[PDB]
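In case you want the letters, here they are:
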Amino acid sequence: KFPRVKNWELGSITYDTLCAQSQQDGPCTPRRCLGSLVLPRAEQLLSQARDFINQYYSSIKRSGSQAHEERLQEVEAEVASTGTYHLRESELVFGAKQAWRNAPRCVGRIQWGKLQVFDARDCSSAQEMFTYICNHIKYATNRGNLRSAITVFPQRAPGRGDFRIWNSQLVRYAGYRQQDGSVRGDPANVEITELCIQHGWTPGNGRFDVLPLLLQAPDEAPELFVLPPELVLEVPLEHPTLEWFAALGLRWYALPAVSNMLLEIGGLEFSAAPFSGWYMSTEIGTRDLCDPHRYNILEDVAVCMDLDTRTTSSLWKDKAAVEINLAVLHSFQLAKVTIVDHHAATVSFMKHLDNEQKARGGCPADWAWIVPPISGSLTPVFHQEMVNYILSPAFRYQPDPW
Amino acid sequence: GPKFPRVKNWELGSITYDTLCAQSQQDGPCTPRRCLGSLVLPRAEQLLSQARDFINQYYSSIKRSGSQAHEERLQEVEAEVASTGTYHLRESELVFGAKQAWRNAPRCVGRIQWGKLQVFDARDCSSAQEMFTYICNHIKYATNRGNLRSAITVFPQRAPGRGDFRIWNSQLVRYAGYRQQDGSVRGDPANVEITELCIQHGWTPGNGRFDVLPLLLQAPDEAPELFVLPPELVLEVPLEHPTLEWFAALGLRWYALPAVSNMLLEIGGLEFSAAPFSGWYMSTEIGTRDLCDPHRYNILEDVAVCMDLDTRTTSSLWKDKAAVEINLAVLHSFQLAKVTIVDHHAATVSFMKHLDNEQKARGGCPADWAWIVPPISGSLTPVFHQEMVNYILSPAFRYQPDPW
Ligand code: HEM
Ligand code: HEM
Ligand SMILES: Cc1cc(N)nc(C[C@@H]2CNC[C@@H]2OCCNCCc2cccc(F)c2)c1
Ligand SMILES: Cc1cc(N)nc(C[C@@H]2CNC[C@@H]2OCCNCCc2cccc(F)c2)c1
Ligand SMILES: C[C@H](O)[C@H](O)[C@H]1CNc2nc(N)[nH]c(=O)c2N1
Ligand SMILES: C[C@H](O)[C@H](O)[C@H]1CNc2nc(N)[nH]c(=O)c2N1
Ligand SMILES: [Zn+2]
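Residues numbered from 1 in each chain as written, not as in the entry; some residues may be left out. Chains lettered and ligands numbered in written order. Heavy atoms only, no water.

For this entry, the PDB record names X-ray crystallography as the structure determination method and reports a resolution of 1.98 Å.

A. Molecular detail of the interface of chain B and chain A. Contacts between chain B and chain A engage 66 residues on the former and 63 residues on the latter. Here chain B and chain A share an interface that buries about 5,500 Å² over both sides, 60% of which is from carbon and sulfur atoms. When residues of chain B are sorted by the area they lose upon contact with chain A, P32, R33 and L380 of chain B head the list and together hold 11% of the total. Taken together, chain B and chain A are joined by zero salt bridges. In this structure, the connection of chain B to chain A is made through 30 residue pairs in polar contact. Listing elements by their share of the side of chain B that touches chain A, those giving two or more residues are helix 6 (283–292), helix 8 (318–336), helix 9 (344–362) and helix 10 (369–372) of chain B. Here the side of chain B that touches chain A takes ten residues from helix 8 of chain B, the largest share from any one element. Of the residues assigned to the side of chain B that touches chain A, the class counts are 32 nonpolar, 20 polar and 14 charged. (Contact = heavy atoms within 4.5 Å. Buried area = accessible area lost by both parts, 1.4 Å probe. Salt bridge = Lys/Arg side-chain N within 4 Å of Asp/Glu carboxyl O. Polar contact = N/O pair within 3.5 Å; in protein donor to acceptor, adjacent residues only side chain to side chain. Helix = DSSP H or I, 4+ residues; strand = E, 2+ residues; numbered from the N terminus. Nonpolar A, V, L, I, M, F, W, Y, C, P; charged D, E, K, R; others polar.)

B. Spatial organisation of the site of ligand 2. All names here are of chain B. Around ligand 2 lies a shell of 18 residues, among which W102, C108, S150, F277 and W280 are the nearest. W102 has a polar side-chain atom sitting 3.3 Å from a nitrogen atom of ligand 2. Viewed by domain, the shell around ligand 2 spans two of them, domain 1 (18–123 + 150–160 + 264–278 + 348–372) and domain 3 (236–258 + 281–346), each represented by three or more residues. (Near = heavy atom within 4 Å. Domains from an automatic or database assignment.)

C. Molecular detail of the coordination of the zinc ion (ligand 7). Donor atoms from the polypeptide that bind the zinc ion (ligand 7) are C28 of chain A (SG), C33 of chain A (SG), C30 of chain B (SG) and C35 of chain B (SG), placed at 2.3 to 2.4 Å. Here the zinc ion (ligand 7) binds four donor atoms, and the angle range of 106 to 118° at the metal identifies the geometry as tetrahedral. As far as burial versus exposure is concerned, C28 of chain A and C33 of chain A are alike and both buried. (Donors = N, O, S within 2.8 Å, 3.2 Å for Na, K, Ca; no water. Tetrahedral: all angles 85-135°; square planar, octahedral: opposite > 155°, others 65-115°. Buried < 20%, exposed > 50% of the residue type's maximum accessible area, 1.4 Å probe, protein only.)

D. Inspection of the coordination of the iron atom of ligand 2 at higher detail. On the protein, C108 of chain B (SG) is the one donor atom to the iron atom of ligand 2, at 2.4 Å. Following the sequence through the fold, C108 of chain B ends up in the loop between helix 3 (91–104) and strand 3 (118–121).

E. How the structure looks around the site of ligand 3. Residues and elements named next belong to chain A. Close contacts around ligand 3 come from 14 residues, with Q169, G277, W278, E283 and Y397 the closest. One of the side-chain N or O atoms of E283 is found 2.7 Å from a nitrogen atom in ligand 3. Coverage of ligand 3 by the protein amounts to 69% of the 640 Å² it exposes when considered alone. Considering only residue class, the shell around ligand 3 consists of nine nonpolar, three polar and two charged. (Areas by Shrake-Rupley, 256 points an atom, 1.4 Å probe, with all protein chains shown as cover.)

F. Up close: the environment of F132 of chain B. All names here are of chain B. Counting through the fold element by element, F132 comes out in helix 4 (residues 128–143). Each C-alpha atom of the pair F132 and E193 lies 21 Å from the other, and the pair is 61 residues apart in sequence. Ignoring anything within four residues of it in the chain, the contact list for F132 reads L215, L217, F227, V228, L229 and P230.

G. Spatial organisation of empty space enclosed by the protein. Put simply, the largest cavity is a space of about 250 Å³. Around the largest cavity sit 19 residues that line it, and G35 and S36 of chain A together with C35, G37 and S38 of chain B are the ones nearest its centre. For the lining of the largest cavity, the secondary structure elements donating two or more residues are helix 10 (367–370) of chain A together with helix 10 of chain B. Here the residues of the lining of the largest cavity are counted per class, giving eleven nonpolar, six polar and two charged. Roughly 90 Å³ of internal volume is contained in the second largest cavity. Every residue lining the second largest cavity is counted, 17 residues in all, and those nearest its centre are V371 and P372 of chain A together with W369, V373 and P374 of chain B. Mapped onto the lining of the second largest cavity, the elements with two or more residues apiece are helix 10 of chain A together with helix 10 of chain B. For the lining of the second largest cavity, the per-class residue count stands at 13 nonpolar, four polar and no charged. (1 Å grid on protein atoms, 1.4 Å probe; cavity = no way out; pocket = protein on both sides within 12 Å on 5 of 7 lines; lining within 4 Å. Points joined across faces, edges and corners; volume = space filled by probe spheres on them.)

H. Highlighting the sheet that holds strand 5 (residues 166–167) of chain B. Residues and elements named next belong to chain B. If you trace the three strands from one edge of the open sheet to the other, you get 5-8-9, paired in antiparallel fashion. Lying at the two open borders of the sheet, with one neighbouring strand each, are strand 5 and strand 9 (225–227). When strand 8 (residues 215–218) meets strand 9, the two strands line up antiparallel, connected through three bridges. Directly across from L216, in strand 9, lies its bridge partner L226. Each of strand 5, strand 8 and strand 9 touches helix 4; the most contacted strand, strand 8, lies at about 130° to it. (Pairing = 2+ DSSP bridges. Axes fitted to C-alpha atoms, helices over the stretch in contact; angles between N-to-C directions.)

I. Region of interest: the domain arrangement of chain A. Residues and elements named next belong to chain A. On domain assignment, one finds that chain A holds domain 1 (16–121 + 148–158 + 262–276 + 346–370), domain 2 (122–147 + 162–233 + 397–401) and domain 3 (234–256 + 279–344). Taking only C-alpha atoms, the centre of domain 2 and the centre of domain 3 are 24 Å apart. Across the boundary between the two partners, domain 2 contributes 20 residues, which contact 18 residues of domain 3. In total, domain 2 and domain 3 occlude about 1,700 Å² of area from one another, counting both sides; carbon and sulfur atoms represent 56% of this.

J. Local environment of the side chain of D291 of chain A. For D291 of chain A, the position within the fold is in the loop between helix 6 (281–290) and helix 7 (298–304). Apart from residues lying up to four places away in sequence, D291 of chain A is in contact with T286 and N296 of chain A together with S379 and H385 of chain B.

K. The domain arrangement of chain B, seen in detail. All names here are of chain B. Examined at the domain level, chain B breaks down into domain 1 (18–123 + 150–160 + 264–278 + 348–372), domain 2 (124–149 + 164–235 + 399–403) and domain 3 (236–258 + 281–346). Of note, the centres of domain 2 and domain 3, computed from C-alpha atoms alone, are 24 Å apart. Facing the 20 residues of domain 2 at the interface are 18 residues of domain 3. Buried area between domain 2 and domain 3, summed over both chains or domains, comes out near 1,700 Å², and the portion from carbon and sulfur atoms is 56%. The largest per-residue losses of area from domain 2 upon contact with domain 3 belong to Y175, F210 and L235, which jointly make up 35% of the total buried on that side. Connecting domain 2 to domain 3 are one salt bridge. For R296, the salt bridge goes to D188, with nearest N and O atoms at 2.8 Å. With three residues, the top contributor of residues to the side of domain 2 that touches domain 3 is helix 4. For the side of domain 2 that touches domain 3, the class distribution of residues is eleven nonpolar, five polar and four charged.

L. Representation of the environment of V324 of chain B within the structure. Mapped onto the secondary structure, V324 of chain B falls in helix 8. Under the relative-accessibility criterion, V324 of chain B is labelled buried at 5%. Residues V324 of chain B and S377 of chain B lie 53 residues apart in sequence; the distance between their C-alpha atoms is 9.1 Å. Excluding residues within four positions of it along the chain, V324 of chain B makes contact with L315, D318, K319 and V322 of chain A.

The structure is reproduced here in structure tokens:
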């Protein structure tokens, strides 16, 4: 009923009691575990709303108070009359932080209480979305001293189409399918790149061309907006000891800003609610730059290092990957842009686990995502058993809107 | 697609559906409420149904399903259970079952080799002395002077009201761990308990970092007996680095033969409590887990100091750099000593081939992602990008709690 959770490095044991609060089923059954899958495939609104309002008044230590009773009344009155309701700004702020706190795949949750929430629910056009997005980027970037933020656009409504940001992140690089079937730039972005061109964008021809935004107001075709280049902070990549590295012309953007996820609070759904923090370096150094289906630079770098590329057992991939990760860290540090390495991040996540154990009796965590893509067992999270489950408020993946 | 789990590879975009999971007769620890896939230890009518299922599997495998020989074997199994409470496997049934248990092991990345397993039948064993003889024969055969051969030796099954055959050691070859006066451990901290148990049963201990442990072998209803492995039987590899000349001076070594000895082999409801098996190492297990785990030999800082890395800060990636060179030293040293070993890149490549093989042969492959993905360089290997479905099939290897 309550899972025992063991840490194999230290021998310590906890019991996860928080999982009993989960009201949403995941993909696993007693017959088979599907934990490694990336996307597994009024009365109800009212109970989700009540539970959320209960969570909110409990957080400000006012459970059972007058304000608590009357707010529940307002919610019931609104839902009974209209089939929906609306959150107060303070409730939205609480809800956004809780969705972050609840996110099982996020190693950065020690920071969960520190989040700037921009209320963009008064947005009525793709143009207004753009202005809000520009302000988010400026605030969050803060000349390299990154600040966590989320901008929340109008909720879904039974009648109409969603507000949507078509881009999966606010800042990404284009991928241009070449004549010879190869890709120039980021192969993950060929489709969105093609959509932008088809919506009137004049493309670059570089490996690191910042994509325009396609923003969608309800039941309208998406509209194209180019980010002012001064707003988009980038970091040229150099290596502390390998001089030829800077000459690879590699770079990455400062701000990791996820724009494709749905934010669910109290049964209400925010289909556009882009959020940003700061990078953990292995994501750039390992996944973005070294994934075979991404920039795939591993062999290039290894040849520059004069490593024997002919055989796996020289561990040329492992050596090149480490140096690339080092270059990312050195470069962001040099440019004075907030970044965290995987050792520091996982140490802080272990602290987060302990804090949550005391605060809530557990912490939903997805081990496959929490353990970094290099040097897994070198981090403390590798030796930590984790219990995974869905708590609400929650961030939810939504498929590309085309 | 159908009502079976959809399984995606994110590097290649390819999709399969796992239909094999329908064959699972045993619950794992997950529910719709919560996933427990990352936990190491998951929390006569019965016998006969497991037996029938296994016999059905055996006759399917030899293409005689529904035949007279198949029906007669089922009747023979039932009549034996009816009169004795148990039954016994034929030689070829044991061979099939042991191979199938390996094939079915979700945590094993080496399964491309599953059909090549030398099965030693030791079901005639009747004393701890004879267990020792069988184990020495296994080690000699498996080691083969460095040209390693996969093998399993199967001792008699669990029986009603009679004690088990048990090997107390978790592996046939492990190093001692000696608790020091200052609280530190000399040798392998993982083995402190077994080391102290060996001393209690009359072993004169060494005082090195790499002292091979004796075996504690238990025959039915007896105290375990102590047996020292003759040193000429235990092949070891001194560790050196191809370019860093000081590495050899560290005096590190590892043994050639990974031989797991504490797992239970379950076949058709029969339980083989002693059935040690062995293959060859994947290099990251030694280089990363055995040598670099904080709770094991913990040599990362030592090696990083020798490499002159800045160990005072995480962002120098000193742990990552040292771990890579230690892993390279292991591969290099085993290759130099002509002892079979496989790197994590070659092993995960072969496992992807295995997945494709099993997709065609059985419609899926149970696999534990957290164990298949190696402990360094995870996403540099193809298995990181492959979704995996985990479920329990029988025949199976199951973990056994220490007999103490
Ligand atoms: C402040 C610094 C932060 C760090 C270092 C961090 C770190 C990470 C990392 C490494 C991942 C896995 C990324 C991947 O491989 O795709 C992740 C995922 C995630 N993070 Fe955090 N994060 C931070 C801030 C935030 C914020 C501000 C939010 C929302 C308010 C958030 C919510 C999420 C969610 C929902 C995921 C899963 C995303 C997905 O499914 O693609 N994180 N984070
Ligand atoms: C032939 C070369 C082999 C290779 C390269 C290999 C590789 C591996 C690796 C890397 C692991 C994870 C070990 C750990 O981290 O503790 C593992 C586990 C396992 N292997 Fe294989 N293996 C091989 C042969 C075998 C054989 C012959 C058997 C049995 C017949 C077997 C059955 C298992 C089982 C049952 C586990 C899980 C053990 C546990 O739960 O502690 N493997 N293997
Ligand atoms: C198919 C699919 C499902 C899903 N849940 N998610 C995705 C995004 C993928 C996950 N892996 C790569 C890519 O995500 C890339 C974006 N990752 C940034 C995470 C981050 C880091 C620091 C601060 C933040 F605010 C956010 C795709
Ligand atoms: C508690 C517990 C549960 C469990 N299932 N397992 C264990 C042994 C642990 C697993 N992780 C480290 C240690 O096992 C160390 C032994 N692993 C050798 C694997 C191997 C490699 C090549 C060929 C083979 F035939 C076998 C402990
Ligand atoms: C198939 C597998 O689940 C998939 O490759 C996951 C593994 N772990 C991950 N972990 C993080 N942090 N981000 C990812 O995109 C992934 N991908
Ligand atoms: C907590 C976690 O499940 C545990 O540390 C696992 C992770 N993956 C592993 N994978 C392998 N191959 N061997 C192990 O011992 C472990 N340990
Ligand atoms: Zn699961």
